[PDB]
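Colleague: Here you go, one structure.
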Amino acid sequence: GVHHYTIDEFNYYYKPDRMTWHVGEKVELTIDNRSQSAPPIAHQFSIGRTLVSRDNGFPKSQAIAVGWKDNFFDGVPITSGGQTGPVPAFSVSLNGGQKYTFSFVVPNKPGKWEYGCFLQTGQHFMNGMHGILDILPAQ
Ligand SMILES: [Cl-]
Ligand SMILES: [Cu+2]
Ligand code: NA
């Protein structure tokens, strides 16, 4: 069947912050921006590998996240309401209280992926806004 997954966004973390899918699973994923602040803030949800950070040539106690080198959803056909097809550079951006639901088949990309928010020049990411996606081979 279609498996329903929900990832809630809060300042500055995801619930759940860990998720496990199998290759070939039918997934319907809802990203919901449940920002609790006054005012509430926008959040990003991107699945990728290999973190890119800023560089200025000086060392940092905390590297400033700017994105993923590898997008998990590259080539992955997605359905969301009336639209079907792959989305170039797919990332989910939501104002406070907006949600977005989309469905796909988990691609043959096994192993450890990460999800993250790069907004406010990586301050959300530095504050904890990232999680881990494990892709298991089809049983
Ligand atoms: Cl960020
Ligand atoms: Cu965020
Ligand atoms: Na988002």
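Each row is one residue, and each column tells you yes or no for (1) over 28 Å from residue 138 (Cβ atoms); (2) free of Cβ contacts under 8 Å to residues at least 60 places away in the same chain.
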{"site": "6", "(1), (2)": "no, yes"}
{"site": "14", "(1), (2)": "no, no"}
{"site": "17", "(1), (2)": "no, no"}
{"site": "21", "(1), (2)": "no, no"}
{"site": "26", "(1), (2)": "no, no"}
{"site": "32", "(1), (2)": "yes, no"}
{"site": "50", "(1), (2)": "no, yes"}
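Colleague: I would also like to ask the following. Mind telling me which of the residues 125, 104 ends up being within 13 Å of ligand 1 (Cβ to nearest atom), among the aromatic types (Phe, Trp, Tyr), outside any loop (DSSP other than H, G, I, E, B) and in contact with a strand residue (DSSP E or B) (Cβ under 9 Å, 6 or more places away or on another chain)?
Modeller: Exactly one residue qualifies, and that residue is 125.
Colleague: Taking only pairs six or more apart or across chains, which ones have beta-carbon atoms under 7 Å, a first residue in segment 56-71 that is within 12 Å of residue 126 (Cα to Cα), and a second residue that is assigned to a loop (DSSP other than H, G, I, E, B) and among the small types (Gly, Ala, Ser)?
Modeller: From residues that are within 12 Å of residue 126 (Cα to Cα), the pairs are 64/122; 65/122; 66/122.
Colleague: Okay, next question. Out of everything in segment 100-124 that is away from ligand 3 (no atom under 13 Å from the Cβ) and under 15 Å from the mean Cα position of the chain (by Cα), what residue ends up being surrounded by the fewest Cβ atoms within 10 Å (Cβ to Cβ)?
Modeller: The extreme case among them is 112.
Colleague: May I pose another question? Between 67, 85, 96, which is within 15 Å of ligand 3 (Cβ to nearest atom), in a strand (DSSP E or B) and either within 25 Å of residue 40 (Cα to Cα) or small (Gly, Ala, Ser) (or both)?
Modeller: Testing whether each residue is within 15 Å of ligand 3 (Cβ to nearest atom), in a strand (DSSP E or B) and either within 25 Å of residue 40 (Cα to Cα) or small (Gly, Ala, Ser) (or both) leaves just 67.
Colleague: Could you say whether any residue in segment 109-120 is within 16 Å of ligand 2 (Cβ to nearest atom), farther than 20 Å from residue 27 by Cα and not in a loop (DSSP other than H, G, I, E, B)?
Modeller: no
All Cβ positions, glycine included, derive from the backbone under ideal geometry; neighbour counts span all protein chains shown. Values in this text are rule-based calculations from the coordinates and carry no lab data.
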